[PDB]
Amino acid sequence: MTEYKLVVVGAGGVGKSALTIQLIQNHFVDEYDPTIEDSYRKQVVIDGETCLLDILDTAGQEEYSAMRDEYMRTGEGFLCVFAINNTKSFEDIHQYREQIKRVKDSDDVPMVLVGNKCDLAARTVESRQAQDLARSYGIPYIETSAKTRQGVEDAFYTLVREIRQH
């Protein structure tokens, strides 16, 4: 069957692990354990196609971000995640995109910009700002909550549909 290699990147604490765990395991991780590099695999049907998702959950913490570029160059599509209540994580996005362009050696890499923690009221990044950033990259913007599950499937499946247009 078709395998899609997805990689989730973004600043420490924005909810990369929680998103992935909600998608694959259907529960919300409330605690914060910083990731080094973890892998998840799951067979799913997306738009009628049975396929295998291989998801790399990467470190956001600079202290844990060793050899991240190595694990990443194998990725086919990337979720670039920031948190809507963390302005710095949004500002950090451009540098994750640059890293991806480097590891893939291409300006045309399947990506989705994800604004996570949309269940939270302390918003400092407005939807329109994120829409504009995504538009400049030529990619979708989707808001998610790993807590409520809002947009979680949408984000990952959209990433798959982006790889498919590639």
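Numbers for residues come from their place in the sequence shown, where the first is 1.
Here 92-100 and 79-87 are compared by their mean Cα B-factor, and 92-100 comes out higher. Here 51-59 and 104-112 are compared by their mean Cα B-factor, and 104-112 comes out higher. Ranked against the other modelled residues of its chain, the C-alpha B-factor of residue 121 as given in the entry falls in the highest third.
The deposited CA B-factor of residue 69 belongs to the highest third of values across its chain. Ranked by C-alpha B-factor against the other modelled residues of its chain, residue 1 falls in the highest third. In the PDB entry, residue 144 places in the middle third of its chain by CA B-factor. Annotation for residue 130: CA B-factor lies in the lowest third of the chain's modelled residues.
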